[PDB]
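So the protein sequences, as listed, match chains A and B.
Quick note: to get the authors' numbering, add 487 to the position in the first sequence (first position is 1).
Letter by letter, the second sequence follows residues 195 to 241, 245 in the authors' numbering.
Just so you know, even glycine gets a beta-carbon here, dropped at the ideal spot from N, CA and C.
Written below as structure tokens is the structure these notes are about.
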Amino acid sequence: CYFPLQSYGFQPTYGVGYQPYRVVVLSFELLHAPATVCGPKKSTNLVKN
Amino acid sequence: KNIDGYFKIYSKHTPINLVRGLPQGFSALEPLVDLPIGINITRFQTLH
């Protein structure tokens, strides 16, 4: 019988294997609703005549 | 109104002189904002 929840051992002295890394995963959702979140929009100069 | 999930909000504001009913006249409604929500609404109520 053991505890399912344990704590990280993060210490600056450990090697790159045990070093803490922040992993933020980007989750995309697609439904019948319109897309309200998109990338940047680049523009150029306007020329006339 | 709801078109393919787009909520189209139309608005017009003008002063009138009205005893009761509706006045006789013609006016056009300008769009306010477009809400890309896309949820189904089968009923509505008025705020008190």
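Of all Cβ atoms in chain A, is any one closer than 8 Å to the Cβ of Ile203 (chain B)?
-> no
What three-state label does DSSP hand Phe201 (chain B) in the structure shown?
-> strand
Contacts of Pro230 (chain B) in chain A (Cβ-Cβ under 9 Å) | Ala520, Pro521, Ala522, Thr523
Output yes if chain A places a C-beta closer than 8 Å to the C-beta of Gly199 (chain B); else output no.
-> yes
Distance between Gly496 (chain A) and residue 148 (chain B) (C-alpha atoms, nearest Å) | Since the first residue shown for chain B is 195 and the last is 245, residue 148 (chain B) is missing from the structure and cannot be characterised.
Who are the Cβ neighbours of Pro217 (chain B) in its own chain at under 6 Å, not counting the five residues just before and after it?
-> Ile210
Among A:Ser494, A:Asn536, A:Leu517, which residue has its Cα nearest to the Cα of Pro507 (chain A)?
-> A:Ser494
Counting pairs of beta carbons, one from the segment 526-536 of chain A and one from the segment 221-236 of chain B, are three or more of them closer than 8 Å?
-> no
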